[PDB]
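Residue numbers (the authors' numbering), protein chains in the order written: chain C, 33 to 288, 296 to 304, 310 to 405; chain D, 32 to 288, 310 to 405; chain E, 32 to 286, 296 to 304, 314 to 405; chain B, 32 to 286, 296 to 303, 310 to 405; chain A, 32 to 405.
The structure under discussion appears below in the form of structure tokens.
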Ligand SMILES: [Cl-]
Ligand SMILES: [Cl-]
Ligand SMILES: [Cl-]
Ligand SMILES: [Cl-]
Ligand SMILES: [Cl-]
Ligand SMILES: [Cl-]
Ligand SMILES: [Cl-]
Ligand SMILES: [Cl-]
Ligand SMILES: [Cl-]
Ligand SMILES: [K+]
Ligand SMILES: [K+]
Ligand SMILES: [K+]
Ligand SMILES: [K+]
Ligand SMILES: [K+]
Ligand SMILES: [K+]
Ligand SMILES: [K+]
Ligand SMILES: [K+]
Ligand SMILES: [Zn+2]
Ligand SMILES: [Zn+2]
Ligand SMILES: [Zn+2]
Ligand SMILES: [Zn+2]
Ligand SMILES: [Zn+2]
């Protein structure tokens, strides 16, 4: 099988469990931000995903309505949603808004919430209403409806709360962290836009049209290593719908309409194998042709080696701890190179030369 | 060459209301009827809140849709029984405690958006693929909380307590102060697909509570209308009004086939079988609720019932219609009257003590 | 290490039948029940025609769908009350006068094609755009003739007269000869969304006739089961059987992931539910699909746990030849309604319900 | 008793064009605007090919629909930014090199059949069940070739080279010869759901490129219109025209029943106008009353006989109308119904330029 | 206990081809048949381009869909007559001039994306709301140009001229050089909803050209198969293969379930409960159900015999018990037990055949005369 040795790892908080909701964008964002707070000497935090999921879905519903249904309304999101969110809505501690509380559970199950809110948003955004109703202050009634339903399933966001003896609002709690959205950059590597420029990734969950800086593939990978080696972690958005991404905690990239199938019915991923190291063009083809699509968010926090000396990034996942390495995955460098869609890191995690090529002061 | 009407007899009614852009005529007509009853019973003039009863009725209708996995349709209509069940179960509140339009800066109902949202929500539960609906620690259902909250956003918050003419009430104690009783009222109809002098629930979408009606032969059925008006009672009248004979100019006629609907004409007087065919074949379907409160004659001596409608007062007779007896005989689906409005012999045949 | 059952008491039943490929258990179980009643009442052994009653019930169901413009769903199921209403309204006929499968060269039902046609026909009237349905000179509706004629092609022609054991009957006079009366039977349930000791119609799709059930608290409800069996009666038993605890091996016992998206027999102690737990399952869709069977006895396993003995209508190719054992705990949690003869009720419960 | 208009000031425009049966007003208006810019800049009179730019824009729009699995809608509309992005990316060609209607023996556009085919194709890729789209040996996508080929069949073959007034050009070199620059132009709007004096992308279906607009308070926004016209500039004007006040007779002025189920001279002469607040304008955008962004060119200011003020509007519906394809829009209408405008940076008043940080 | 086959007689065939991910068996089997005909006629070995004919046929099928406002379904299938009509109307080209997969960097067909696009396009014209389709100045229809262009993008550009073995041809002149004639070939079937010895068009979706078949009583129909093989001809064979008897392991059998039980050790109860793997219905020689004309008719009327897959019968074989089978060249490549060849029992062929095409001279003289074929 695989035997892994840590080469370097940076501090992370405990492994969380998103359970039955597509909220990995927020869990991974918060694993990342909690590592940042540890790195910045602020200590250990447990931030409320539900608070930010709640506020983000209200904005996503608004985007769906303003675009008459073009912006899809669904459970996913982006790292930028979390960075925009902290600056706009604030932050609250986990205990002020926990998953599952409204329906007598301790973990999320958002299937019913989505059934209701998807139908409501569609009825406004894609229906035949010619003039939406508003109150005497021009506040929209449909927005009040969608907010009220989200509160019934997710909880009431607090206006004030007490944390470790001090009273905060979500805004003042955020301010106390010292985090700034402007400290963080999103990076990607594709050829349908020029290198060293910014563009918004064309994926459904980037409905805020947040920008990413575009780097050639080798410089892109240089950022991963520099980040980990200088003490930073990485918010990692990747496609994980590959036979190489397994339930047994490893993600590898090994080098390997039928008429007939209609009328009738190797050890590739289980031990170290030589990896396919993709070119920029191969990586591009997979993004263009739908092979690399479904952006699942995780945190890379370290580098490890297998017994044959192959290199892997160490990944904190948000599926709880019931797995081979207690909620941790190992992703080969070859996998990460081919299947990564975007990353977010602190600006100071970037090598000086790359920073200069991107024009980041 | 038009209609000239002379009142033969009419009983007291309250002011003409306007349901505007909602299918809530079942509640407006029920309350016109109950307000006439209160006047008749010496309790004075009331203006009851339709919105309070519409709100509570819709929450029960949604529950019925969900329990039947979508068989019970979820829509804006309802029945006289919804109002009678409602007053006994939820109570009553004065108009001013829950007015139409308030939530969206109007004074009249427009429920198109509320229906767009609540129809979609109810369908997502009742007709979707959810295998286990979510509940809180007290086994209260989350979807019900959602549907209630959305109805409150568009219709208003129903009051738990309020003050009316110097006294504090709950909706229950306000209802109790009126002296109204559901058991005083009977629903009557006339069809041949069930035996006469028995009770059955009319097979129409808005009777999802499966309320019962007593079945009478057509001539005895019409005898009840006249006896009611002539002895001082009014009638909650449920009728099909989708006929060329029912007009915007305030008359509902049943002429024998131009000037068919614009002056007095000889009327087609239907048989029981003709009335039945129209119910069986979809020609008599869409039960709109109104109040009959009097009898009138045209200049040729043809007889009409005087009808209080709920479309406001911007019409030829200020919100009042005249429906010919022939029309009423053919197109009525059901009526509600106080038990004492029934002639003694008919009461006895129905077994109503 | 399996189950070994010992009969404590059982009452007489007729042979196990097979509904095969149709959702007609409501009628098979009703008739297993009524045939047990006839044995109990000294009338001897009958084999009544399910198909005759299924035929007539579907024509009424279509009418209900059309009158309500599609609110009443049109499908294969039904209720105990459909059978009891049926016998009084349409009559009864012996099995041999209208057998399953005959029209398509089989001996067991397969109603898939019949349903494909009749569902489509009923929907075209009930949910379509026709503004005036057609009728003949006697005001008889043409669409009803069409739906009747199609049902006859697949189910058979109901007899107007027939001979049985040397005498001529109509379906009505055959029913009259049985001595059965619908008024002898009561439907019972146990739920808290209506008051106890009152009647209401269970809010399920197959109760489109809106037949009433008397509502009892859960413990009194279970008292009725035992009293019935112990005094010689059987029970028409409507239950949810879509549970991991209900098995193909003849025993019924008490039992949107991001991660799941990306990847892929002996006596046990029973959970004894409360009224509130039972209610939650009915309210939340966990207890929904009312399948009809007949409880005719009480049995024990080797550890002394108690079970009701159940006659099913899936034929005899199963571990106990078409018989099931349902634990008392299962029955308590998953029962939707039962029908028993009034005299099967304990006297005190009869009085609380106002049943003379 | 009707309207009589007197021009106060108007700036040079080219002839009135006719988009006919296609939702391509975004391109016709952009080009009316750019042709006025060329006149203003001393480059003379041009007639630029809308079809060339419509063609290239639709291929990019199909790509956006496919990359977003159908979120970006695929339809005939677009934005001013589509034209500005387009000239810099694809180039420009003269009208005669790609005319409307030519492929189907007409001289005006009718794109109903083209849209029927291409909408169906794009949806089969973007919203279907294909798990892996096909590509050739150079990683070029087959579906893109298909959509390009079908657009050529209906719109024409875009030229690689052509001759215009004695000189050979490519679309890129023709664009370069005009001296136009996308960076000379800014998009402006006025809404309160984002802060004033910042940039954001208007949340409308035809802004699928997510082009940015600078946000101004309503009074400063209107100041820009007047300053532009009065200093010799024209305006690319994006507005909702689905109002009883917008008429077929060339003037734009400020304007579930149970019962309906069973059963004034407002726009024809000068009237007092409702002058909207920022909040009223916002409500209409939020509530769907102001939605369908149609593109036109404002090129002047006029007065009616009572002294009320109007902007003069070059439309793209041909010349068979009261004022030969020109409309008059009251200042009150423009204030309430405008969604966005594009002007040259030098059309902006100095103080507004400074507040926006535009050097 | 499996099958062991001995060839009794087989006629020359070309190599086994692979249609891969497209429903183009009608063309592959037609061309296996026509290539056998060319060998029989002394013209040597050819490898004809299926893709050329698939391309042209689909353009005609789209036209038929549009003219009938969607009644003619637009899909990947077709008929033997499509190939015979095609060679006379469009011509023929060698494989190398238009190969499967080339446009998308493969060597085998995958037409899923092509169909997803072209189905949607044809439906937008045939079943949409367009009241007047657009045309150019020569009255050529724009939608046809669109569908042709898209098919070329996925299938390739059909050649106007090409060189083959030192000579220049057009598709027409290449067809002429083969000596093949559509009029040499007849389609035969056996059904009772039309009179015997008459012609009618089989009522199936892929016969949208309404090509005719001659109708024979079942026993005379089967006589044709044997006479064809025994006198040196092969057969284009259209059959239903959606049966438990048609297997991935290269046999198509029609076992009598009732008889197989009574020969086993199991009683009727002990059997029905046994696992399919131990019944042995399709894995060794078993007594066959031999259908009557009426049973064969019922299966066509009731949807049990419906989906025409096309293959080539080129020989007759026996199993170790002396039961008879037709030898079948399939178009699913060579990765199978008998390298792409199937053995179909005579009982299977009798019950499940929908139609065949053979050269007229393959028909026994007396049958030829009863059909009026000079
Ligand atoms: Cl994901
Ligand atoms: Cl509840
Ligand atoms: Cl109505
Ligand atoms: Cl049976
Ligand atoms: Cl069952
Ligand atoms: Cl033009
Ligand atoms: Cl490409
Ligand atoms: Cl326009
Ligand atoms: Cl033979
Ligand atoms: K947390
Ligand atoms: K993938
Ligand atoms: K009122
Ligand atoms: K009517
Ligand atoms: K029976
Ligand atoms: K032009
Ligand atoms: K070939
Ligand atoms: K078959
Ligand atoms: Zn995820
Ligand atoms: Zn009404
Ligand atoms: Zn069942
Ligand atoms: Zn326009
Ligand atoms: Zn095939």
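All residues carry an ideal CB built from backbone N, CA and C; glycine is no exception.
- For residue 48/E, the shortest separation between its Cβ and any heavy atom of ligand 4 lies below 7 Å.
- DSSP, read as helix, strand or coil, puts residue 209/C in helix.
- Ordered along the chain, residues surrounding ligand 20 are 56/E, 340/E [Cβ under 5 Å from any heavy atom].
- With respect to residue 218/A, residue 47/A sits apart: the two C-beta atoms are not nearer than 8 Å.
- Within the chosen limit of 7 Å, ligand 18 does not reach the beta carbon of residue 271/C with any heavy atom.
- At a cut-off of 8 Å between beta-carbon atoms, residue 159/B makes no contact with chain D.
- Proximity of chain D to residue 170/E at the Cβ level (cut-off 8 Å) is accounted for by 325, 328, 329, 332, in chain order.
- Taking a contact as a CB-CB distance under 8 Å, the pair residue 155/D and residue 147/C counts as one, their CB atoms being some 5 Å apart.
- Beta-bridge partners assigned by DSSP to residue 170/A: none are found.
- Nearest CB-CB separation between residue 56/C and chain E: below the 8 Å threshold.
- Beta-bridge annotation (DSSP): residue 346/C is paired with 41/C, 358/C.
- Using a C-beta cut-off of 8 Å, the stretch 167–184 of chain D makes contact with the stretch 128–148 of chain C, since at least three inter-stretch Cβ pairs fall below that distance.
- DSSP places residue 243/B inside the beta strand (DSSP E), whose first and last residues are 243–246.
- The three-state secondary structure of residue 117/D, taken from DSSP, is helix.
- Approximately 6 Å separates the beta-carbon atoms of residue 249/B and residue 327/B; this is inside 8 Å, confirming the contact.
- In the structure shown, residue 142/C adopts coil according to DSSP, grouped into three states.
- A direct Cα-Cα distance of roughly 54 Å separates residue 205/D from residue 53/E.
- Residues of chain B with a Cβ closer than 9 Å to the Cβ of residue 138/A do not exist, since the nearest Cβ in that chain sits about 12 Å away.
- In the pairwise beta carbon analysis, the stretch 367–380 of chain A is classified as not touching the stretch 218–238 of chain A: fewer than three pairs are separated by under 8 Å.
- By the C-beta density criterion, residue 380/E is buried, having at least 16 other C-beta atoms within 10 angstroms.
- At a beta-carbon threshold of 9 Å, the residues of chain C lying near residue 277/A are 302, 303, ordered along the chain.
- In summary, the residues of the stretch 43–69 of chain A whose CB is separated from some CB of chain C by less than 8 Å are 50, 51, 52, 53, 54, 55, 56, in the order they occur in the chain.
- Residue 166/D reaches chain C at 135, 136, counting residues in chain order whose Cβ is nearer than 9 Å.
- For residue 340/D, the closest Cβ of chain E is not nearer than 8 Å.
- Nearest in C-alpha terms to residue 357/D, of all of 344/D, 214/D, 165/D, 276/D, is 344/D.
- With a cut-off of 8 Å on Cβ pairs, the stretch 285–296 of chain A is not in contact with the stretch 72–82 of chain A, counting fewer than three such pairs.
- Counting only Cβ-Cβ distances below 7 Å, residue 253/B has no contacts in chain A at all, with the closest Cβ about 43 Å away.
- Annotation note: the stretch 50–113 of chain D contains the following uninterrupted alpha helix (DSSP H) runs of length 4 or greater, listed N- to C-terminal: 56–71, 81–98.
- If you check each beta-carbon in the stretch 173–200 of chain D against every beta-carbon of chain C, the ones closer than 8 Å belong to 173, 174, 176, 177, 180, 181, 184, 185.
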